[PDB]
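Residue numbering begins at 1 within each chain, and the chains themselves are lettered A, B, C, D, E, F, G, H, I, J, K, L and M in the order written.
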């Protein structure tokens, strides 16, 4: 059998500890969540009304919850055979990364995947599962970026409707030359708090993740 | 020919490991890509909406896919003789740099290199395949940052047109103090996502780099 | 050598209307390349007058330092300014004389620094002016039609970049800077 | 590819270290054939390989952080 | 003339190291005319030259990083 | 920077008289009117500083301050911060003195256009008023440039005269 | 690229501006004209009594227009994005 | 630099703005005056009722003006960049 | 064909590639009619483009339904005439997917 | 000719490269008619513009359907006349994709 | 010739390089007519340079269809006259891609 | 001459360098007519223009089609007269690319 | 000359350096006419390929087409008169690129 010595194993673990929170979290689950949060912040007609730290914390908690089944899968499939040294890191890493690869494959756009494969000049695949992570990652990022804005426009719509109707009703009576933005903000905030936009939106985006 | 000792070979290799990842990536391969990505983010009307880390990672992956052929060529022509100890480091450097120099010269302009040669007082070259690395790099860099600006302007134009038409129609209907940007931004976003701006844009950029 | 080039590049970047549109790494690399291209004759002369005796061990450092510093001071004297030199001479109570000769290091360096700063700002103003003209004209045409509340920044910037790329700004700009340094 | 090269380098480093360790274990087990002039040399070469690997790791992570922290 | 000078310096360092190595190799095979003190002194001089070279490299790379890490 | 600020305000006030004062409503986003006619004079002023000396005259003040103030335990005198705070003052004083022709000429056009209401109450100043003012206001800028050339020198010496006395009369004020 | 291409790029881009806005601006302008001629024969008005008819006329104009307003936008940008490897040279 | 060199730079900067904007400024007022006359002689109007034709009028003026307006800024900056080694001295 | 000539202000995106296929089918069947033994043909196409990086990519198909003239029968080499007449006039359609059927059942392909 | 004839304000992006192909087919078939033994030809092209997620384009195809004059038959070298007459007038169409068929079945290619 | 004279409000990017090619073909065929033995020519060009993520040249082709005067035949050196007459009047078209055909089949190239 | 006469709204830049080439061809052929043995010439140019930041040769060509006067033939040195008359009047056109052809085939170059 | 008087709103940068070259050619040919043996000249210029450090810079050429008076012939030193008369009136044109031709063929250069 073959494996890696303790020194190289801990070197690899420490090195991966650098990428893991920054990018393996930034470009995998909650980039669209923070994009939606920023779009909602812009739509509210106020810069940084919800603080950035609070938004990031809420997004982190939400993505932790969302990834719970995949976390349990990768735990029970890699850590348990590895925490009792019954498997080596070499294939343990692949076994752990397989469920996340499947999740990325499920949440991908076929057109983006095909374009990236053609750009990489590799078209021998017989099935969607046999794609490499190298070609899977950018397509996943692009699809997540697309769906982020797709949700964001729907978030935008109601505030736009409120602004248009309040401006029209305000200027129909001879008040054309006065900004209705200062007057639309209380109504938009009242509507949002009355409909409970936060709790409803969190469930909506969780269901979107569950497809 | 004479061969450098291992103690200095490792020294020069480790020293090159400082410049090569930083400068040979910053001013050789994807400066236009990051510039046009920043310009597109500005044109979208919502600056800093996509994460900068996500944008940089996607740009790096696209860069690797773009330079895969020349990377493969230099990889074989340098490592394989070096791996089999066929060639020394001194000649390996030039042999590896030759295809990279050819690819760099393929994309640059003519007036830039002419001006740089005139400034450097180098003798006239009757054959184009003689530009030293001293004179090659600045011409390529300036050509890249020149073409990036016009590509970004071409990307900017449609969103400018959309903003102008929406502002004009709003003011014709009689809304003076209504910020068009807060209203056009959903429309710009919808146009972008519906025409698939990201995938089409990156594909077009890759095709432009190829040709 | 080149404190002016980075300043003028920063002025151009701010005139473009977009912060850090080109990477700072690429700006510094281009500045260093242009600096070495410009200083190549002077650097070559310094290399000769220093190494040629020193490599074969013909002179001592106590005079080699002066021999290597004299051409650099001679080059820097042209870039310095008479008014700055006179003011620093007044400050440091040095002999003015009718004919300049071996300006001391305490006086020569600050005069060069301030002269380079002054000429850098002078070039930066003229670089900024065309973008200001474009902004003025686009703002005026926007206001005249009844669109006084539309931000011209999202409109001016594409026009600024289009003009900058269309006039081939980079090549003639660097050529002009090099010619100004030469004479 | 980069992943393939990294895997090959790490695997060869691990194989060198494992060979050195097994040779040292055979020597300390008393089995004749080891003259103490090979185990020490192989351990030193393995330490050199590990030092090269960690220096490369430091340089690579520094470069990655520098290129990733750029204000775009 | 900068890269040429640097390559000349590296050439001199590598040539001195190679001369020391070949002298030691000639001595250890029994060729007469080579002195143990001479080869030891040559090896020490080569090591000193290498140490000077690595010091210069460290200083130069530190200066480069300091001068190109700043923001314009 | 008082000399700069007075120059900065003068350019802005010219712009506010034609189309640049639409931020009079609630606080907008970007000013929508700042770089139009401010940066033209916000950066021309520093050039006139470089015409005489950029840092040389300021540095000469620093050396003389050491002679006046030899660095010691002497407490800093009072009744001096208010005087330099009271200096501007000249921010709006010299601002309008440069603005004497532009302010009057633009207003006369504004008054002239309004008189046409008695002949046609539908003048539509949102249609005709803005285009008419812009061409005249821009034209006044080019022909009034020489008037600004010596005027900026006034503020430089006056602040220098203010600064020279403060740094020299303070040590004898103890 | 020569400045003529930018004018050509501007001309094609600006020509889209007129065509898209034409149905909306024409219906709004004629609506005021329709009221104005109908505002003879005891021309008495309050101030305008004309803005609200502009709403419904333009509002239905957007509805009847619908996709073709967006359909042009999809095609014009698509050609420009597809021509990016050609606008370079 | 003499103070004349300082002020001479501000002249053509405003003059090009005077030259470039005037064709667009004149079109805006000329179109407005015609409608303002139409705003007399049975004066029924809402506020101005001139906004829609004015936007279209200057819009066509962009096509009419087009290149030589763009060409104005092209050579003036080249003249400015020609004296960069000469304005300092 | 005639449908292609027809112009409507409305341009549904999907009804673009369907109003066209309905014209191809009507054009392809107008030639098979002008072929001798055939009195009237009737072809349907089955163009599906949803295939990328899949083991089962699939393919386009057609189904001609010629109605031979009274007292006639297509020979063994007269079948490939009508197969290749359709296999080639349709993008990406191999001759192994074309289905020819008479007016009396009789799957000929 | 037909493309020139088909000039209008309406701008269908797809119907541009289709109104053109319908003219090529009608022009290519007007020459094969002026060819001697042929009385009337009828050609369809199969140019496939789409190239997404495909290793190869797979090229274009054509299917001529000449109707020879009463009592005539194209020789073995008179087939390549009509094959290359179409293989060359269409971009990227090899002569191995052109299909020639008489008015009596008889696939000639 | 007609296309240069032709002026329309529409400025279709494609129909620009197609209204031109249709004029080249009509101009090239007007000279081959003024060539002696030829009574009427008919040339089609095949310019195609589109490619994706590749450096493919995608070289052009032509297909002249001369109709010689009654009782005439182009000699062996009279073929290269009509080949180079077209190979040279079209950008990037080697003489190995030009196809010459009579009014009696007879591929001459 | 014609190019100065050819002024129109048309903002297309491509029809700028094409309306010009069509005038060069008509001017070059007006001189070869005023040359003695030639009764009427007919020249086409093949100038490829795009060339930015590339090493592509992009060399041009021409094809004169002189129609000599009744009972005349250009001598061996009268060919270089008409070759250099065109090779020099066109930018970057060597005399090895000019093709001269009579009214009786007979490639002279 | 006449072109210089003409002025237009259009920014035709290329038609700027072409309306000028057409005037140079017409001015250069007006002097060669006022030269004695020449009855009428006809010169075309070939201003071309601006580049830097190329394998061949090529340079610009010209092609005079003098038509000598009835019963006259330019001597051996009367050729350099007309060569340098054009080589010098055109920027960067060596006398080795000027081509002089009579009204009877006869390349003189």
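Definition applied: a contact is a pair of C-beta atoms (placed from the backbone, for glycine too) under 8 Å apart; a residue touches a chain by one contact, two chains touch by 3 or more.
Chain labels with UniProt names: A, B, C = Flagellar biosynthetic protein FliP; G, H = Flagellar biosynthetic protein FliQ.
Steps from subunit C to subunit H, taking the shortest chain of touch contacts, total 1.
Common neighbours of subunit A and subunit I, by the contact definition above: G, J.
When each chain is reduced to the mean of its CA atoms, the one lying nearest the mean of all protein CA atoms is B.
Computed from the mean C-alpha positions, the centre of subunit G lies at a distance of 24 Å from the centre of subunit H. For the pair subunit E and subunit H, the distance between C-alpha centroids works out to 69 Å. Once the centre of each chain is set as its mean CA position, subunit D and subunit L turn out to be 72 Å apart. Averaging C-alpha coordinates per chain places the centre of subunit A 54 Å away from that of subunit E. In subunit A, the positions touching at least two other chains are 22, 111, 114-115, 117-119, 121, 123, 134, 176, 178-179, 181.
Taken residue by residue, subunit J touches two or more other chains at 11, 52-53, whereas all remaining positions touch fewer. Shared interface positions of subunit D, i.e. residues touching 2 or more other chains, are given as 64, 68, 70-72.
Those residues of subunit I lying in contact with subunit G across their complex are 9-11. Residue ranges on subunit A touching subunit F, taken from their complex, read 178-179, 181-182. Subunit E makes touch with subunit C in their complex at residues 1-2, 67-68, 70-72. Residue ranges on subunit B touching subunit L, taken from their complex, read 106-110, 128, 143.
Within the complex formed with subunit F, the residues of subunit H that make contact are 1-4, 6-7, 10-11, 13-15, 17-18, 21-22, 25, 28-29, 32-33, 35-36, 39-40, 43, 45, 47-48, 50-51, 54.
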